[PDB]
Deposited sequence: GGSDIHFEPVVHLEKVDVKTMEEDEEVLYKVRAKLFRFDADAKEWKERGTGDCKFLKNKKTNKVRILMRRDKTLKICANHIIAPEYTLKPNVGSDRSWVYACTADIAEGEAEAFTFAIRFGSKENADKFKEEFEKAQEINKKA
């Protein structure tokens, strides 16, 4: 015998991965502010069957979106874009403690925006159960 030489996403399944840019509306000023650009993922937890949005910035991998795709949310169009959605979120924990935001998420194409909307609604049906 010769002796030999001596993130918290394990519990989830990826339903949808799309590349996107996320914005937060600064209500106090009159402008949108970028919050991050990366892969936006829809993660179904295997214990609770709960779907969430998880989005990380490229390179740094810092979390710029983290919330339940709640049944009450509604994806509205933005006046300036055919490849974006905007919605209210009552509790996002990307920074730390929960906080309300008015988000907008933009994609590479209209088709990616439309597929996102379909997936967002599929995830919403799952979170009603």
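Numbering the deposited sequence from 1, one finds several regions with no C-alpha coordinates, namely 1-5, 12-19, 143.
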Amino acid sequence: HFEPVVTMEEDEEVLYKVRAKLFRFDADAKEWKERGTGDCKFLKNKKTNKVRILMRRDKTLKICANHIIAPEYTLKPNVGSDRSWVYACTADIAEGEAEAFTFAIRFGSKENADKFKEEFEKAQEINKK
From here on, numbers count along this sequence of modelled residues.
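Compared with other deposited structures of the same protein, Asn127 does not meet the criterion of being unmodelled in at least one third, since all of those that resolve residues on both sides include it. When the other compared entries with both flanking residues are checked, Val6 is unmodelled in at least a third.
Averaged over their C-alpha atoms, the temperature factors of 23-31 and 79-87 are higher for 23-31. The deposited CA B-factor of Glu95 belongs to the highest third of values across its chain. Per the PDB record, residue ranking by Cα B-factor puts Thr37 in the lowest third of the chain. When all modelled residues of the chain are sorted by CA temperature factor, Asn49 is found within the highest third.
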